Amino acid sequence: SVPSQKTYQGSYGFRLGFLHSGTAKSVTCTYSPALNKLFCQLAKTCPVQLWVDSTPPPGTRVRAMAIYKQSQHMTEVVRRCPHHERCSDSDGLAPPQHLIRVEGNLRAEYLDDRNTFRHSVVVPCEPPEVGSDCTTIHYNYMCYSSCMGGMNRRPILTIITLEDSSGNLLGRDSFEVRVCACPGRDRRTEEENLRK
Ligand SMILES: O=C(O)c1cc(OCCc2ccccc2)c(-n2cccc2)c(I)c1O
Ligand SMILES: [Zn+2]
């Protein structure tokens, strides 16, 4: 009733990577390695790199799912709040209840799990473009961490899993997410809190 968050590189050496976007007041998405935490604005592009040591088979896929970070909330499905699920901002593919969307990939599939009711979005693995060493997925987070009746200030993790064509686990990585109005300031504040 709780998805695993154990980091697992697996046979292909799977792991995530993030850009170095800085902490200026204008930044829309920024990743803190010290906190393993992504800070982003509502519905803005979040580039997440996928890295492997060797090529996985055709039909391998990459799934993203959010869970609450605190154990006392982990069994609760992470979903959009009562306002955002009704705001008719559909892209034509993501269900309006889903917090995490994939941007710009018509092969993305959205799952409402028939047993756990959890939401996820999954895309086929594609090899890097010529001249690149990794592949990037562009995610969007569709509610603020503060949204009342939804995340309600509770921290979340995103779990990224590499899966075979039948959904079996090949690799796993994860990161905390805060969706907020000023990611650069919040990253600076939280890194300062950690240093102190
Ligand atoms: O270097 C590589 O060949 C490489 C390959 C990758 O999967 C391609 C799977 C595949 C294989 C054959 C036909 C169609 C599709 C990925 N990849 C993409 C998302 C997660 C992993 C990465 I990153 C790589 O670097
Ligand atoms: Zn919301």
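Computed from the coordinates by the stated procedures, all read-outs in this text should not be read as laboratory data. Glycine also receives a Cβ, built like all others from the backbone with ideal geometry; neighbour counts cover every protein chain displayed.
Worth pointing out:
- Pairs with C-alpha atoms separated by more than 22 Å, drawn from the list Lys37/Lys196; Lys6/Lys196; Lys6/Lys69; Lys37/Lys69, are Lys6/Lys196.
- Entry note, the chain: the mean residue ellipticity at 222 nm calculated from DSSP H runs of n ≥ 4, each adding -39500 (n - 2.57), is -2000 deg cm²/dmol after division by the residues and rounding to the nearest 500.
- Neighbour-count order for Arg118, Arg195, fewest beta carbons within 10 angstrom listed first: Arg195, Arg118
- Ascending count of other beta-carbon atoms within 10 Å, so fewest first, for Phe175, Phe117: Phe117, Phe175
- For the chain, built as a Gaussian network whose Cα springs stay under 10 Å, the top-fluctuating residue of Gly22, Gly171, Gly59: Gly59
- The residues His20, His138, when put in order of fewest to most other Cβ atoms within 10 Å, stand as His20, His138.
- Packing, taken as the mean count of other beta carbons within 10 Å per residue, orders the peptides 142-152, 24-34 from highest to lowest as 142-152, 24-34.
- The separation of the range 130-196 from the range 47-61, counted between C-alpha centres, amounts to 18 Å.
- Relative protection proxy for 162-170, 181-189, from highest mean packing down: 181-189, 162-170 (other beta-carbon atoms within 10 angstrom).
- Unit Cα scatterers, Debye sum, the range 53-170: log10 I(q)/I(0) for q = 0.19, 0.24 Å⁻¹: -1.07, -1.45
- Dipole in debye (nearest 20) - the chain, about Cα centre, beta carbon charges: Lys, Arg +1; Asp, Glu -1: 780 debye
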